[PDB]
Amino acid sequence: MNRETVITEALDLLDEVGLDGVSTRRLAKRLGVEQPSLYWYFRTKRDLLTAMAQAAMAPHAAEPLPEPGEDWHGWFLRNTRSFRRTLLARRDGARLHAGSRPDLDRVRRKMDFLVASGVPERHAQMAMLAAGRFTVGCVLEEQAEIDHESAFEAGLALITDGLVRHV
């Protein structure tokens, strides 16, 4: 028993009872251990959830990283389709994702490909946030049935500018 073991059990438990059934009490019970041993590793419920959300994203890493020279545009579509499938495959995957803060190296790597393909740093960043937040919203709704303002505005302009193109 260590952090990985706890997180793997927690994910099993999420698969079995959905996000609302996930608690430090039920998880300790499951591990055949009492609560303090579990509170060694995660001090709050939100530490646990964060670790689970970070661990639940591992399958997105089944996507090959971009290759130098390849179409940034086709890549960006694949990469976002992968992001959506990851969240969508996991029970309450989007709520798990949205209920915590977040392969940071893997993100920088993908950002460098984008910058090399001629998307300026600021736009690469905004485009990747926009796409992810849109995906979070999309899947959350599917599964039910820091300058945030300037990030919102940049994402919104992307959408609307995409639309202007069909008018």
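The first residue of the sequence shown is number 1, and the count goes up from there.
Colleague: Between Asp20 and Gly21, what class does the number of missing deposited residues fall in: none, 1 to 3, 4 to 9, or 10 or more?
Modeller: In the deposited sequence, nothing is left without coordinates between these two.
Colleague: If you count the residues of the deposited sequence that sit between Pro120 and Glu121 but have no coordinates, do you get none, 1 to 3, 4 to 9, or 10 or more?
Modeller: Gap between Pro120 and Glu121: none, chain continuous.
Colleague: Mind pulling up the entry and telling me whether 23-31 or 50-58 has the higher mean Cα temperature factor?
Modeller: Looking at the recorded C-alpha B-factors, 23-31 comes out higher on average.
Colleague: Please compare 103-111 with 127-135 and name the stretch with the higher mean C-alpha B-factor in the deposited structure.
Modeller: According to the PDB entry, the answer is 103-111.
Colleague: Among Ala144, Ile159, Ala151, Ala10, single out the one with the highest C-alpha B factor in the record, please.
Modeller: Reading the PDB entry, the winner on C-alpha B-factor is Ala144.
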